[PDB]
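Starting off, we have a lone chain in the form deposited in one PDB entry, written out as structure tokens.
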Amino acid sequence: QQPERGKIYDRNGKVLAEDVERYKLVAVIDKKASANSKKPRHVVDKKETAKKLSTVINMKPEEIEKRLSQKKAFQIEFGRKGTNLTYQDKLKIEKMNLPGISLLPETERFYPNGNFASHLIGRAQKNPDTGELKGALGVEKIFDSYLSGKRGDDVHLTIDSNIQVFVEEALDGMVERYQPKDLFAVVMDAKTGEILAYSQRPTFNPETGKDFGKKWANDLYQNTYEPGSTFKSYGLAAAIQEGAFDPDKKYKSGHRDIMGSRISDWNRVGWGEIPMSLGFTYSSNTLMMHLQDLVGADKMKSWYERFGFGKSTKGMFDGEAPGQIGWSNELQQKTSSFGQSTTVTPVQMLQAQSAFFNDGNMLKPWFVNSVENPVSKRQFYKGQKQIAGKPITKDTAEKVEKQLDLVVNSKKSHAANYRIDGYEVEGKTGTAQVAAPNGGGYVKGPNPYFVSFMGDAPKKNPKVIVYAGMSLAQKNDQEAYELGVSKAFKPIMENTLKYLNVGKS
């Protein structure tokens, strides 16, 4: 008898993980069991037994007989298909009155939502010999010492199951439409840093263990990306604060030659002389490279450092990646101005972006609300809003927000597909090249991109920030380049705002 492992709860007290009593099928086959018995205490008719049990468990008659034919065995089991049986399965089998058949109670870890925030919650595995459960990934692993029992401590997360559903359904949709190699979405409270929802694909099912181990890495904290143009917002912020960005001032668009590489605006030719505000709305690489020059390379590196890049956010997830600011030569510096070369985690991106909606204060993202024992009522840990740094002034944040509004809402916008009928949205898109894992350079192909969007709503005074990213669509890659992650952002954001009771127009 193990102590009961603590539960994992969402922010509203809904169970995400708990221990339950299930049942294991056992069949006595040795004749000795019926030696001194009135009625047989072993399986006498193997074919009839296999026929009846085949209706309850997920096994074909022939395989049941095969197992029942084990020689020199007193008792036999039926693998995982004979265990984790529900109480209804127990009654169903016991009503048959099959000689030698019985059900033994056994404890299992249950995830009521199945595949749901899987890479965050994780999975606990059971040692058959003792029944001991041990976390192998995510919260189950991180908090294993508290969760393990007396009775184990409960862990309460900031996740809201209602919002989590919107994310799971939207990611399922992106997989069917685009079959990408990697995909994630996260919803964060813009004013507190709480993670309200988080999912990724591909992922696993904690309940059944399907696909567990195929990808150990949690995308939010452990996987790294060349973020692309969502990263332009931090270069814009620096330039605003340094006095280098003036929205009405004209600048030369087109291309720049650097260390042998031809870096141009996404449309090749650029737009000639245009205002910097418009340059940002168009996601101009030349604008960012010029702003970098106006501010200075040394100062820009420090700017990205003050925005938390290249350092872990110090969250409670295990093995959080620090990423790295790519600044070794002018080519890395210049490509870093539009989010290539430099690598980041999604949690760093959320942390940095929060500065624009909190008077310049970055909020440390958090997903653990509480670790507490339900018997003693002792609270071992309580999460809270915490400032990660204040890299910019309130004035600078307001000016950045003005440009984010324009990105989506300008008459010359190239991100109109992120608009949600009845709501005001703002944000920044990214369309990045992806580094080939076996070195060399970038992944080749028709549209080999990591597409993403960092959005918030209602604009100016947001309730939530939604960050979604999709790496390397293997299907409909053209549409993925065209629409980015709009097909995930729109339903996630619209459903979330409604659930949070934000007025529609």
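Don't overthink the numbering: it's just position in the shown sequence, from 1.
Gap between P202 and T203: none; every deposited residue in this span has coordinates. Judged by mean Cα B factor in the deposited record, 325 to 333 ranks above the other of 183 to 191 and 325 to 333. Legend: mean Cα B-factor per stretch from the PDB entry, 292 to 300 versus 155 to 163; the higher mean is in 292 to 300.
Highest C-alpha temperature factor among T345, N97, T208, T342 per the entry: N97. In the deposited coordinates, the residue among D172, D405, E320, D265 with the greatest CA B-factor is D265.
In the PDB entry, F338 places in the middle third of its chain by CA B-factor. In this PDB entry, the Cα temperature factor of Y449 sits in the middle third of its chain's modelled residues. For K7, the recorded CA B-factor ranks within the lowest third of the chain. Only modelled residues enter the ranking.
Looking at the C-alpha B-factors along this chain, the one for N84 belongs to the highest third. When all modelled residues of the chain are sorted by CA temperature factor, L25 is found within the highest third.
Just so you know, the form deposited in another entry exists too; it's not on screen, but the next bit is about it.
Hinge residue for the rigid-body motion between this form and the one not shown, chosen from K92, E106, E305, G173: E106.
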